[PDB]
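What follows is a single chain, given as structure tokens, in the form deposited in one PDB entry.
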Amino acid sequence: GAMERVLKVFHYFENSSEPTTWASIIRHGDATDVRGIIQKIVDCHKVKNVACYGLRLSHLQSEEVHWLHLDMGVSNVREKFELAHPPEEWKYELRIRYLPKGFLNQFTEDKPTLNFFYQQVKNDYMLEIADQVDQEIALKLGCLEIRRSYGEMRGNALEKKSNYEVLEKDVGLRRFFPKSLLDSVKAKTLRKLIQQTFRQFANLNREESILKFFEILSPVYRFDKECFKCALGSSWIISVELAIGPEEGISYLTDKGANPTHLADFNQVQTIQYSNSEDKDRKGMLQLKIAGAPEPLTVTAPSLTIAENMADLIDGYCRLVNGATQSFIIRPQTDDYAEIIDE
């Protein structure tokens, strides 16, 4: 018998449990597209900035990731990739990928989205640099999350050892601070540090804690831009590193450390077009037609996978910046219903 199509999609909409376990089980049809899955999940959480969310497919046993375009079919993608690796090795994750200029101010008017982005960046921070950052930053971020998780608790409740005790023994400080910090500092000293650091933020509400978290994290962790190693040029190919994000639209890094050089703004992108490889090679080519520029911006990526992930990013930004729901990618020169059946 023809089994029913069911999909598990992790996300960052806070539930009663651990961040990495939050996920939605979706029952869908044969013609359901990535767009419908995204829309159903965000609409269920009353999200306003729907054009910021994308769906990322990660291989658990490696680092290869595939951003899924809004127009692709859910059954199609699962078909294609299950051929490469078994379903158990795949992870579908809903994430915010396209940020509008002044996204933080804008997200404050969309609480569900502000919290989502916060959980997403927090989780990336905890996994990528929590153990590398300096004690001070890690300590403040950990306290900010304590302040945010317990918005009903009084400012000096942490002063009581009995209360600190519960977090230290029952909840566990790993929920707010990195391992390095919890194992490189004396337990009794750690407590005083936390108590003191918390005082600075005891007056902050949930929103103000999130905003302060970003303010403090921003300086040492770039979460507002994606970077890709590729090459620009039609005739002459020059390898560079592209920095794509709200602040500097599409730009490139001259050299590690130096400010990125602007190439084009998202609103100037008129068309995005794919290309394969005229020879044995497998590189992927992206051609961007920019308003005001007679010559298209040609980009070459190390593989088709990266090329597609880049096209998805630029297209998402094109949709976002223009307020369009349709794709700017052009051809190379009931039954789709989806429902949440569990959380």
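Sequential numbering from 1, following the sequence displayed. Rigid core (definition): largest C-alpha set, two forms, superposition within 1.5 Å.
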property	result
Continuity check for residue 333 and residue 334, given as deposited residues lacking coordinates between them	10 or more
Higher-B stretch (mean Cα B-factor, as the entry records it), 165-173 or 119-127	165-173
Segment of higher mean CA temperature factor, 243-251 or 82-90	82-90
Largest Cα B-factor, entry values, listed residues 33, 281, 315, 308	281
Given 100, 257, 73, 142, the residue at which the Cα B factor reaches its maximum	257
Chain thirds of CA B-factor: placement of residue 191	middle
Where the record places residue 299 (Cα B-factor, split into thirds across the chain)	lowest
CA B-factor placement of residue 3, once the chain's modelled residues are sorted into thirds	highest
CA B-factor ranking of residue 198, expressed as a third of its chain	middle
Ranked against its chain, the third holding the CA B-factor of residue 183	highest
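Heads up, the form solved in complex with a partner chain isn't pictured, but that's what we're talking about next.
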query: Within 4.5 Å of the partner chain in the deposited complex, all of 201, 205 and 216 (non-hydrogen atom); finding: no
query: Proximity of residue 326 to the partner chain in the deposited complex, heavy atoms at 4.5 Å; finding: no
query: Contact of residue 21 with the partner chain in the deposited complex (heavy atom, 4.5 Å); finding: no
query: In the deposited complex, residue 220 touching the partner chain (heavy atom, 4.5 Å); finding: no
query: is_contact(residue 192, the partner chain) in the deposited complex, heavy atom dist at most 4.5 Å; finding: no
query: The partner chain in the deposited complex: contacting segment from 235-243, 93-101, 108-116, 153-161, heavy atom within 4.5 Å; finding: 153-161
query: Contacting member of 255, 134, 165, 88, with respect to the partner chain in the deposited complex [4.5 Å, heavy atom]; finding: 165
query: Interface residue in the deposited complex among 149, 267, 75, 261, criterion: non-hydrogen atom within 4.5 angstroms of the partner chain; finding: 149
query: Of the candidates 305, 58, 276, 287, the only Cα that travels 2 Å or more between this form and the one not shown, given a rigid-core fit; finding: 276
query: Threshold 2 Å Cα movement between this form and the one not shown at residue 28, rigid core reference; finding: yes
query: Core-aligned C-alpha movement of residue 256 between this form and the one not shown reaching 2 Å; finding: yes
query: Large Cα move at residue 85 between this form and the one not shown, threshold 2 Å, rigid core; finding: yes
query: Residue 76 and residue 31, C-alpha gap in the deposited complex relative to this structure (3 Å or more); finding: farther
query: Distance trend in the deposited complex - C-alpha atoms of residue 30 and residue 52, change of 3 Å or more; finding: closer
